[PDB]
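Going down the list, the protein sequences come from chains A and B. Mapping of the first sequence onto UniProt numbering: residues 2 to 361, in sequence order. Mapping of the second sequence onto UniProt numbering: residues 3 to 214, 218 to 361, in sequence order. Ideal Cβ positions, reconstructed from N, Cα and C, are used throughout, including at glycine. Here the structure is laid out as structure tokens; the discussion comes afterwards.
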Amino acid sequence: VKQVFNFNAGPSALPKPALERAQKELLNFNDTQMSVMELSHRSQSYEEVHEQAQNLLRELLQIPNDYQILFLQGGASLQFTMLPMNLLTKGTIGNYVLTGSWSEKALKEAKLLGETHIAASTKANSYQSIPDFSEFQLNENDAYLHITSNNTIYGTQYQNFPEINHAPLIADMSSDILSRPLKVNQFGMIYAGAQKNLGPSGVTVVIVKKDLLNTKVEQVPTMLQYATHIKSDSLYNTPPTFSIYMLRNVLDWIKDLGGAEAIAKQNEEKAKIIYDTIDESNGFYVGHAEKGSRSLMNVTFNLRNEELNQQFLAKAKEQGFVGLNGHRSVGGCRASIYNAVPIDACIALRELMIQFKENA
Amino acid sequence: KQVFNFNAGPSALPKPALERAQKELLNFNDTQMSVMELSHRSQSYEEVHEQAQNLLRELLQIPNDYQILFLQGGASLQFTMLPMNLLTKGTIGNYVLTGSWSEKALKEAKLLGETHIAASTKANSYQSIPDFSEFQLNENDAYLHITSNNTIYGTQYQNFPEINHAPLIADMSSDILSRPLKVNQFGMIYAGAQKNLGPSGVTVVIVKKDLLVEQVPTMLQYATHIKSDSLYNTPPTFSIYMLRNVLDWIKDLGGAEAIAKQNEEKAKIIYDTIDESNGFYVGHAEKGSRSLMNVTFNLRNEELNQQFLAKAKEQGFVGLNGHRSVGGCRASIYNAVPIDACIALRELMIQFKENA
Ligand SMILES: *Cc1c(COP(=O)(O)O)cnc(C)c1O
Ligand SMILES: *Cc1c(COP(=O)(O)O)cnc(C)c1O
Ligand SMILES: [Cl-]
Ligand SMILES: [Cl-]
Ligand SMILES: [Cl-]
Ligand SMILES: [Cl-]
Ligand SMILES: [Mg+2]
Ligand SMILES: [Mg+2]
Ligand SMILES: [Mg+2]
Ligand SMILES: [Mg+2]
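Spelled out as structure tokens, the structure:
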């Protein structure tokens, strides 16, 4: 049929082979004559999947042995409250670096539970950049320092991560996890809803330093303790088995293309196609982010006025582009170009953008 | 290549629902994307989301003053979310204990407030549902919590108590939409989908709206999800899609009364086999409390138990081992387990008895 270009921001494009693989074995997985969705999570066929998803992640990001990988339900949003529930103890402070709307949502949940602080913020200038690490206001009684690696709605991204030694560094990496190599030991915990760059909705990957959080926290509901899930290897209650399976399949694909290092090269190339288009447009398109902070995962821009914005987005949708409307809170446009978005989609978008401009 | 899926959770699903999923896995609704690749704020997803709710409303005849929520975290998260929202100071979370799942729910409430046991058949190892006239209720109960089907013990409420002093709340994980329900008896009903309704990953919560909050985390307030139609954060979109598909299958076969007929025949096959076995197979539940969803039983000794389950596995039966906490055998016969599987089980039970 006609072309479809999938720039959805979350859930988002999956790599075709992961979907083709799932489709082919949907009714009979691993010769059991059952769908993976119909298996016990205590079955050896399921446990193989669960363990393989962990081992692929471990290998791909080179996660150290003193870290454990959790597969949790509830989305990143549930992590916004689970994190302060476990680590934000009395007399301590949940310190946040604000670099977008998702950082504010994280902060708000800690505020419900303890003392919070704002280490640095670019909110005044509408989150066009990542603040300088030298501006970080740190406290001796900080329970952690929390950052948002990729600011999905604003199109900005950490180029690198601060060295923090007084508290654990925590990061919401929902929209750029495993888009590039990572030095995992810079962090006490990393979390990501899978649906942006790792596969389906319904599971949240939580990489945690075991000794920071393998201990019972008095007064915390069993399901909301990290310890629960660490001890039970994310099998305390019934896991999202199909989501974890699809995550496995996506991880296999990342490994098959050369891992984090190769996918970064691909992601830089796709991003470049779009940013060069913006940058050669003589102001017809204006990127929200400052150049040093441009995200490789979510490209945010506006045309010169809202009428042109709307005509551009209507034309895109007529031409088969999906998901380009900016987040409802900020308007404009947003090209999400996560790992699995193909480069010819990016070329197509550039073509769209150039003819729209020339014809305007 | 014969396989009979008696898994207790996650579990068998309807072949037509899985075949339909397979067929359109790469191209949902002519969008040329998987349902898994759609934005949850897309109309495409939003229609599926709503269709899943609509089918439950139709099939259970859920009144307008109830809302239907799709949450993550399993029935287990509901164990704490419920008291978190309703167990206010000076009130009591009152529990009816009819098995281990009851116990797990009560435990979470004890973290958050005053609790109470209205009744319990624990002393007798949960062989039955207590008589409602036995319940000990309190003026200040925040709710009365029950477990409609005691998955590990094989017992099930035949009917529900008429409770007017406080909302009746039910963990229906292992029997929701296996028979018609009078939803007006309850203030809230909850169930992980992964037994009767869909794959794991989504929890269905049916809640009396006006029934349900300072200082509770946003994600743990029912009001958050009611207000946002379970679209506050990203829902488990594929699981809700599969839930829709399963609900379409239940509607297509004739709805809650029709599936009850199938379920009662399935259970009749196994219980008759047990009852006719002259004590070779012994059911755990008192007759009057026998579950239609999980049939629990043992052979005369542990070694026969083990010989049977080994023979079962060799013959393609999956999931019949009893819960580790109780041992024995458990045949889970949720909605999508076909009558032919139960017939096969019977024939195996009879042959095994003959050959012992
Ligand atoms: C998508 C997103 C979230 C929300 O994740 P849910 O799974 O919907 O809770 C949180 N943080 C970031 C940075 C995101 O991009
Ligand atoms: C399966 C079951 C549960 C556990 O559900 P999860 O989704 O694993 O939390 C809780 N209660 C009952 C009655 C169940 O049968
Ligand atoms: Cl953001
Ligand atoms: Cl977003
Ligand atoms: Cl039970
Ligand atoms: Cl169980
Ligand atoms: Mg490979
Ligand atoms: Mg192509
Ligand atoms: Mg139909
Ligand atoms: Mg008879």
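When Cβ-Cβ separations below 8 Å define contact, B:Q45 makes no contact with chain A.
Fewer than three pairs of CB atoms, one per stretch, sit closer than 8 Å, so the region 305 to 322 of chain B makes no contact with the region 271 to 278 of chain B. One residue after another in chain order, those with a Cβ under 7 Å from a heavy atom of ligand 8 are A:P343 and A:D345.
For A:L199, no chain B residue has a Cβ inside 9 Å of its Cβ, as the nearest lies near 12 Å away.
A:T82 belongs to the set of residues whose beta carbon lies under 8 Å from a beta carbon in chain B. The DSSP-derived three-state label of B:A361 is coil. In terms of beta-carbon proximity, B:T223 lines the interface with chain A, with at least one pair separated by less than 8 Å. For chain A, the residues of the region 227 to 246 of chain B that bring a beta carbon within less than 8 Å of one of its beta carbons are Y237, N238, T239, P240, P241, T242, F243 and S244, in chain order. Within the region 79 to 157 of chain B, the runs of alpha helix (DSSP H) at least 4 residues long that lie entirely inside it are, in chain order, 102 to 114.
In this structure, A:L108 lies away from A:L114, with their beta-carbon atoms at least 8 Å apart. Not a single C-beta of chain B is nearer than 8 Å to the C-beta of A:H147. Taking the Cβ of A:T205 as the reference point, every heavy atom of ligand 4 lies at 7 Å or farther away. Listed in chain order, the beta strand (DSSP E) elements of length 3 or more contained wholly in the region 198 to 284 of chain A are 205 to 210. The chain-ordered list of residues whose CB is nearer than 6 Å to some heavy atom of ligand 2 reads A:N238, A:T239, B:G11, B:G76, B:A77, B:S78, B:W103, B:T149, B:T153, B:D173, B:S175, B:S176 and B:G194. Between A:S202 and B:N306, the alpha-carbon positions lie close to 46 Å from each other.
Taking a contact as a CB-CB distance under 8 Å, the pair A:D173 and A:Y192 counts as one, their CB atoms being some 6 Å apart. Taking A:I344 as the centre and dropping the five residues before and after it, the same chain places the C-beta of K271 closer than 6 Å to its C-beta, in chain order. For B:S46, the enclosing alpha helix (DSSP H) covers residues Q45 to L61. At least one C-beta of chain B is nearer than 8 Å to the C-beta of A:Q24.
Residues of chain B whose Cβ lies closer than 8 Å to the Cβ of A:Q74 are, in chain order, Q74, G75, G76, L79, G203 and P241.
Spanning the alpha carbons of B:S282 and B:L304 requires a straight line of approximately 10 Å. Taking a contact as a CB-CB distance under 8 Å, the pair B:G75 and A:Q129 does not count as one, their CB atoms being some 36 Å apart.
At least one heavy atom of ligand 6 sits closer than 7 Å to the Cβ of B:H328. Under the Cβ distance rule, B:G327 does not count among the residues neighbouring chain A, no pair being separated by less than 8 Å. Taking each of B:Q80, B:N299, B:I70 and B:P65 in turn and checking the Cα distance to B:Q53, the smallest one comes out for B:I70. Considering only beta carbons, the part of the region 103 to 131 of chain B lying closer than 9 Å to chain A consists of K106, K109, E110, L113 and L114, in chain order. Residues of the region 161 to 183 of chain B with a Cβ closer than 7 Å to any Cβ of chain A: none. Relative to the non-hydrogen atoms of ligand 9, the Cβ of B:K256 comes within a distance shorter than 7 Å of at least one. Straight across, the Cα-Cα distance linking B:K197 with B:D253 is about 16 Å. In this structure, A:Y155 has its CB closer than 7 Å to one or more heavy atoms of ligand 3. Take B:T223, set aside five residues on each side of it, and the residues of its chain with a beta-carbon closer than 6 Å to its own are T229, in chain order. Partner residues in a beta bridge of B:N31, as assigned by DSSP, do not exist. Counting only Cβ-Cβ distances below 7 Å, B:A14 has contacts in chain A at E39, in chain order. Beta-bridge partners of B:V300 (DSSP): B:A336. Taking C-alpha positions only, B:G95 is separated from B:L88 by approximately 8 Å.
For the region 336 to 349 of chain B, the beta-carbon criterion of a distance under 9 Å to any beta-carbon of chain A is satisfied by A341.
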